[PDB]
Trainee: 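Before we start, here is the structure in question, set down as structure tokens.
In what follows, every chain begins at residue 1, and chains take the letters A, B, ... in the order their sequences are listed. Counting starts at 1 for both ligands and their atoms, in listed order. Any value given below was found using the heavy atoms of this structure, including those in side chains, with hydrogens, waters and symmetry copies removed.
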Amino acid sequence: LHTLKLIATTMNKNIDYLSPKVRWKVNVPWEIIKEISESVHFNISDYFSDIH
Amino acid sequence: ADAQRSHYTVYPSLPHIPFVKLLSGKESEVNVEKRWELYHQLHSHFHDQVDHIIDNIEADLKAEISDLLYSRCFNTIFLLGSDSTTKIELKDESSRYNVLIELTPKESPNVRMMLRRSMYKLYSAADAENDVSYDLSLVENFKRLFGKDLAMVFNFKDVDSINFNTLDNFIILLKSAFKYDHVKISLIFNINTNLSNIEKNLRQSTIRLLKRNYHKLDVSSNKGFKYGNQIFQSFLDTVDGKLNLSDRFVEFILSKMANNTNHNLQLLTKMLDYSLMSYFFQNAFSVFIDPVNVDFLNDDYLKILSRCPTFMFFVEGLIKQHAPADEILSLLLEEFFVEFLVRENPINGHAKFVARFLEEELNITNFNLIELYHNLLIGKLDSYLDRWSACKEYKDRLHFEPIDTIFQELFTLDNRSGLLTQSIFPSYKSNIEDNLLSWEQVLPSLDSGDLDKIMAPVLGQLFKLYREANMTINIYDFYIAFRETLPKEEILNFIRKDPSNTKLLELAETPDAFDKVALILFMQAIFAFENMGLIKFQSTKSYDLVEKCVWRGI
Amino acid sequence: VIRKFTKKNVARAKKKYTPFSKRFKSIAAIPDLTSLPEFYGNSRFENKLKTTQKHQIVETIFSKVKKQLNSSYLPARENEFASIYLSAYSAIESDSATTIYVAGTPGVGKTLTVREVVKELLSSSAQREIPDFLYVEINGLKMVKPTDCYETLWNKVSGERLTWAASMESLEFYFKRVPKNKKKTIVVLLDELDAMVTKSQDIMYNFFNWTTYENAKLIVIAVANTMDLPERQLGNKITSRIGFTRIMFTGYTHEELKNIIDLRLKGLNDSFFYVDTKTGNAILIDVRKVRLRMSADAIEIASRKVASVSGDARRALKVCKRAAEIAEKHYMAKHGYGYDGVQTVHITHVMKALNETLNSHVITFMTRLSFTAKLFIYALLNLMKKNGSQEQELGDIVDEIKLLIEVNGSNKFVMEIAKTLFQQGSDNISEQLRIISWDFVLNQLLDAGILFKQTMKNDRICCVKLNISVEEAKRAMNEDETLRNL
DNA sequence: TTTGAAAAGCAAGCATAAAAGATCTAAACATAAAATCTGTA
DNA sequence: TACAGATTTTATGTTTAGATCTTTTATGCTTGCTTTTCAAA
Ligand SMILES: Nc1ncnc2c1ncn2[C@@H]1O[C@H](COP(=O)(O)OP(=O)(O)OP(=O)(O)O)[C@@H](O)[C@H]1O
Ligand SMILES: [Mg+2]
């Protein structure tokens with residue numbers, strides 16, 4: 001998932017994967033993750049309905 | 001010192017097969033060599049078919065790309081699930097240079113490098129069959145220099161990895177070649193994720209440009225299961241009449257094959273290979289898959305084969321059906337073992353029969369032969385065939401009940417010991433956590449014997465206090481907690497055991513001796529934890545607090 | 001072969017690669033280098049720049065004063081002359097090797113007195129009081145590459161042309177292993193030594209290290225602009241190991257500059273000239289006899305102003321030349337003379353020539369700008385008066401300009417000019433977000449150096465600062481009769 | 001069935017880590033003319 | 001020695017991999033007040 005850049009890091013070249021200073025973030029929009037969650041029948045909207 | 005070097009070569013000092021002697025070492029070396037050679041013919045018979053299948057994948061896939069590539073805009077091909085390993089061929093088409101250009105994201109940091117590498121490769125390929133500038137005026141002057149027309153086929157490898165702004169600007173750059181009447185351009189995109197992820201990163205005018213003629217091609221090995229079924233059938237015809245496959249093994253194959261999508265066939269080959277190595281390394285009955293070794297029966301073979309549960313069930317059924325006791329004691333065998341290892345086991349041929357009947361007689365192609373074989377093993381083939389709504393009239397022809405044959409447990413591929421899990425797909429960090437927490441399943445408890453008996457090894461003792469602590473640990477309080485577990489008297493007796501070391505004896509009579517020893521061991525274990533990745537110093541120049549990073553059971 | 005790039009304009013000099021360590025078989029196989037016609041120097045481009053004139057030049061009485069105050073044409077440098085001359089003379093007569101480091105600010109007579117010491121040494125060697133020597137002058141600011149000094153000095157020593165690394169090994173082998181009886185003494189002037197040491201300290205350390213050799217017979221005079229150049233380019237251990245002579249050159253006082261100027265003008269002041277009354281040509285002694293003078297207080301205040309600021313002879317000589325040029329310009333304009341009783345260079349001419357140096361044109365340039373540019377500067381000054389940041393966003397300047405136009409609606413000038421500023425006086429042009437000539441005056445103030453603008457492609461949040469000061473801007477906008485009342 | 005009270009939540013302010021990149025250096029990769037070294041002749 | 005040819009030397013251009021420092025923004029700590037579920041009467 002990192003080499004496909006659906007997940008991203010804070011640094012892009014010479015990445016230290018095993019350092020605790022390097023953090024991770026998602027790299028897909030809401031529509032992509034929505035159709036991914038409906039592909040597996042996961043209720044991803046239920047974790048966002050009560051928060052806002 | 002070589003230990004402090006970056007790298008060094010050792011020319012070892014030389015002062016013959018890795019198979020060992022089974023039957024508690026009482027197996028003959030002839031049987032060991034015969035097991036070795038038997039494993040080699042089975043492995044060769046499987047892997048020749050696997051190599052032929054992989055070559056056929058390459059040939060048919062080049063054929064499909066060559067068909068789609070031929071017969072004022074780009075000609076766009078999207079290869080979905082490509083992994084970009086295939087060598088794309090272009091034909092010989094007279095009065096026209098067909099030049100193929102591979103570009104990777106490493107060769108593409110900006111549009112300038114893309115154009116310079118592309119025109120260098122174009123000029124080199126045109127010269128291979130006066131220096132020039134490596135820019136797009138080489139394209140417009142191509143018929144003036146070389147005399148023939150130009151057909152460029154761009155192959156972008158790992159499109160999910162190239163920066164999309166650079167790729168968009170490169171496509172817009174290549175649009176400028178449409179005003180030359182001697183140039184046609186084809187683009188091949190190796191898409192790994194999906195097409196909707198690609199068009200959300202490209203600009204809308206570029207998508208409108210690419211929409212004029214584009215062709216999608218699912219180039220994955222998962223599509224139709226056509227290549228996995230050939231590999232699994234090749235393994236079945238290797239072991240047909242010799243070895244059986246358990247339902248646990250095939251279910252394990254399916255479960256592991258689901259978890260990897262881009263690289264499925266060689267994972268299947270690796271799993272089947274390791275199961276074959278494990279069987280031929282652990283089982284002394286492997287020589288009996290060849291009928292010429294039936295004179296090699298010894299005592300230890302008989303007491304190993306007498307513990308088979310099929311033999312157990314057969315003899316208790318025999319005492320159920322036969323009232324006299326004289327015939328029962330005669331069997332409790334060497335001649336009865338031989339007559340049943342030559343059975344045909346027609347489940348493999350019937351699996352081939354339903355495979356060819358589903359493929360070539362009902363025009364149904366979306367079936368997994370591994371899943372079909374699992375359903376035939378568990379006895380639910382009808383519950384696998386009642387999905388396509390066309391095997392209803394053929395439900396009674398394809399019926400098969402499983403025959404639990406006698407002494408099949410000595411010739412089968414299973415996983416009830418977890419060896420395939422521990423070797424190919426281990427729970428790596430869970431194994432590290434469980435070896436740290438328990439540690440009596442690693443180090444033996446032999447019965448400095450006293451200090452070894454009543455004090456833990458330092459890393460496990462540190463991990464026991466690490467696991468029960470909070471996210472943020474004070475280092476001094478951690479050292480105070482670690483010092484309480486240690487024996488204050490037996491450690492001081494332990495460092496006085498050797499009278500030759502004088503400085504340690506001098507340090508032992510210090511009134512601050514035990515705290516120094518505890519702090520030294522604590523600091524060494526703390527830096528071992530820091531190197532393993534278990535803790536992290538949340539600072540640069542204090543080193544007073546640490547943060548927990550790893551939790552057991554996650 | 002298909003190339004990945006081409007280098008089509010490579011011009012390579014025909015310089016050999018073999019150093020002097022391989023010219024002979026052994027150290028005892030080296031002949032007398034003094035008795036060789038290529039060693040130690042044992043200009044054909046003048047006739048390119050030659051032509052014949054048709055008309056005679058009219059040499060005006062002030063042109064003698066101008067020509068005789070040039071830097072191309074040693075009062076006050078006697079202790080420095082004595083120090084350099086005795087160090088070099090004592091090292092030449094003892095066949096030793098030494099180095100003299102001379103430092104100072106530009107124009108204080110460093111190169112001039114080093115050259116005068118060298119010519120006095122050459123004259124003493126012509127009288128056979130000291131043995132003969134070669135003179136090499138190496139200027140660090142007259143090079144393409146700093147290593148070319150290695151190419152130059154060896155070419156002055158041996159007569160052959162080598163590459164710089166081979167020249168460096170050749171000079172090392174020459175100063176180390178060649179015996180003293182087979183070589184000549186060398187005096188090197190290393191002028192502008194900070195130009196040759198910027199990349200690294202190899203040339204400095206090599207030239208200072210060669211003077212520590214017992215066989216070298218080398219005199220290195222190194223001239224620089226800072227004093228701590230050897231102390232910061234080499235360590236204190238190295239500079240203690242060489243032990244160079246250390247000489248500073250302080251700037252001239254006003255009395256020394258005055259003696260320099262009237263020694264340039266010794267034969268011309270209070271002197272008679274035969275002047276052709278129809279052309280203006282003057283001959284030093286239909287023809288008028290004119291005396292020529294420069295007053296003492298003019299030279300006095302010129303040398304007093306120069307010695308306060310810089311203290312160098314070039315500035316004092318040049319303001320005297322500029323005063324003479326101003327006087328000759330007024331003289332030629334008055335008499336109607338061409339190019340082909342008492343004439344004096346007055347105190348006011350020296351005043352005006354000094355005022356061209358002293359004054360700045362920033363305020364004068366800003367008072368002659370257009371209304372839009374002065375509006376920009378006024379809005380900028382208002383913004384740094386309000387928020388006090390010294391960097392203002394361009395959108396804030398736009399809004400402040402719009403607010404200053406909208407507030408002063410009762411003013412006659414703003415009411416007359418607003419249609420010009422926002423529509424270019426035309427009813428077919430829509431009302432613009434910027435004033436007319438907005439980017440024109442922004443680019444003009446950036447080109448003049450009045451402003452500084454950061455590099456940012458958002459034109460609104462991009463920041464701009466005054467690059468001069470706030471007081472010249474305040475003096476400029478208070479001059480304008482429009483801006484100063486609103 | 002209450003109850004109360006300590007755990008959890010929240011926010012203003014602030015010191016500090018860290019992201020993003022501007023700027024630069026050096027190594028790998030690449031070419032090229034003059035000099036210099038090799039192998040025959 | 002002579003000389004064509006191969007290799008070195010010196011000199012410079014092209015591209016990539018990585019280091020350091022600056023500027024702006026995220027992030028965690030502290031302290032004081034407010035809500036909320038669970039251990040106990
Ligand atoms: N003592 C002097 N007597 C007469 N003329 C002098 C004297 N000093 C300097 N000058 C004049 O000023 C010019 C500048 O002197 P010079 O070139 O020696 O300066 P410098 O200290 O080497 O300067 P820089 O550091 O700029 O090279 C000389 O060429 C000469 O015309
Ligand atoms: Mg000078």
Trainee: Which residue supplies the protein heavy atom nearest to atom 8 (N) of ligand 1, what is that atom called, and how far is it?
Mentor: C:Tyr252 OH, 3.0 Å
Trainee: Quick one: look up the protein heavy atom nearest atom 16 (P) of ligand 1 and list residue, atom name and how far away it is.
Mentor: C:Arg314 NH2, 3.9 Å
Trainee: How far apart are the C-alpha atoms of C:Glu137 and C:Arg115, what are their side-chain angles, what is the distance that settles it, and do they pass the side-chain contact (heavy atoms from CB on, under 4.5 Å) test?
Mentor: CA-CA 10 Å; C:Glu137 216 175 278; C:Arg115 285 178 188 165; 3.0 Å; yes
Trainee: Report yes or no: does a heavy atom of C:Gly104 sit under 4.0 Å from some atom of ligand 1?
Mentor: no
Trainee: Let me confirm one number: the CG-CG distance from C:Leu33 to C:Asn42, rounded to the nearest 0.5 Å.
Mentor: 10.5 Å
Trainee: Which class fits the ring pair C:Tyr101 and C:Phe244: parallel under 30°, tilted 30 to 60°, perpendicular over 60°?
Mentor: tilted
Trainee: Heavy-atom contacts with C:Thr111 under 4.0 Å: which atoms of ligand 1 show up? List them by number with element.
Mentor: 18 (O), 22 (O)
Trainee: Take the angle between the ring planes of C:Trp210 and C:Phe175 and call it parallel below 30°, perpendicular above 60°, tilted in between.
Mentor: tilted
Trainee: Under 3.5 Å between any N/O of C:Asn70 and any N/O of ligand 1: does that happen in this structure?
Mentor: no
Trainee: So is C:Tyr73 touching ligand 1 or not, going by heavy atoms under 4.0 Å?
Mentor: no
Trainee: Going by heavy-atom distance to atom 27 (O) of ligand 1, choose the closest among C:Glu256, C:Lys110, C:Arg115, C:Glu192.
Mentor: C:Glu192
Trainee: Checking C:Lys465 against C:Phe452: charged group under 6.0 Å from the ring centre and within 45 degrees of the axis?
Mentor: no
Trainee: For atom 4 (C) of ligand 1, grab the closest protein heavy atom and report residue, atom and distance to one decimal in Å.
Mentor: C:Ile260 CG2, 4.0 Å
Trainee: Quick check with a 6.0 Å cut-off and a 45 degree axis cone: is C:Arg77 positioned over the face of C:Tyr252's six-membered ring?
Mentor: yes
Trainee: Any ion pair linking C:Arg475 and C:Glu471 (charged N to carboxylate O, less than 4.0 Å)?
Mentor: no
Trainee: Are C:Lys184 and C:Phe39 in a cation-pi setup, meaning NZ or CZ lies under 6.0 angstrom from the ring centre and within 45 degrees of the ring axis?
Mentor: no
Trainee: Is any side-chain N of the basic residue among C:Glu160 and C:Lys16 closer than 4.0 Å to the acidic one's carboxylate O?
Mentor: no
Trainee: Could you walk me through whether C:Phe207 and C:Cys149 pass side-chain contact (heavy atoms from CB on, under 4.5 Å), step by step?
Mentor: CA-CA 10 Å; C:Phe207 269 92; C:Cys149 71; 3.9 Å; yes
Trainee: Just to verify, which of C:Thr344, C:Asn269, C:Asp270 counts as forming a side chain to side chain donor-acceptor pair (under 3.5 Å) with C:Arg293?
Mentor: C:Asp270
Trainee: May I ask you to list the protein N, O or S atoms found at less than 2.8 Å from the Mg ion (ligand 2)?
Mentor: C:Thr111 OG1
Trainee: Please determine whether side-chain contact (heavy atoms from CB on, under 4.5 Å) holds for the pair C:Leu189 and C:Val118, giving the CA-CA distance in whole Å, both sets of side-chain angles, and the decisive distance to 0.1 Å.
Mentor: CA-CA 9 Å; C:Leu189 174 50; C:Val118 154; over 6 Å; no
Trainee: Return yes when C:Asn225 approaches ligand 1 closer than 4.0 angstrom through a heavy atom, no otherwise.
Mentor: no
Trainee: Among all protein non-hydrogen atoms, which one is nearest to atom 6 (C) of ligand 1, and what is the separation to 0.1 Å?
Mentor: C:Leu112 CD2, 3.7 Å
Trainee: Run down the list C:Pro75, C:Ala313, C:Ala76 and name the one with the heavy atom closest to atom 12 (O) of ligand 1.
Mentor: C:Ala313
Trainee: What protein heavy atom sits nearest atom 23 (O) of ligand 1, and how far off is it?
Mentor: C:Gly107 N, 3.0 Å
Trainee: Should C:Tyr331 and C:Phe62 be marked as a ring-ring contact (aromatic ring centres under 6.0 Å, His included) after you check the CA-CA gap, both sets of side-chain angles, and the distance that decides it?
Mentor: CA-CA 9 Å; C:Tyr331 176 80; C:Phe62 288 114; 5.7 Å; yes
Trainee: Among all the protein's non-hydrogen atoms, which is closest to atom 28 (C) of ligand 1, and how far away is it?
Mentor: C:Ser71 O, 4.2 Å
Trainee: Counting non-hydrogen protein atoms only, what is the nearest one to atom 31 (O) of ligand 1? Give residue, atom name and distance.
Mentor: C:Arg264 NH2, 2.7 Å
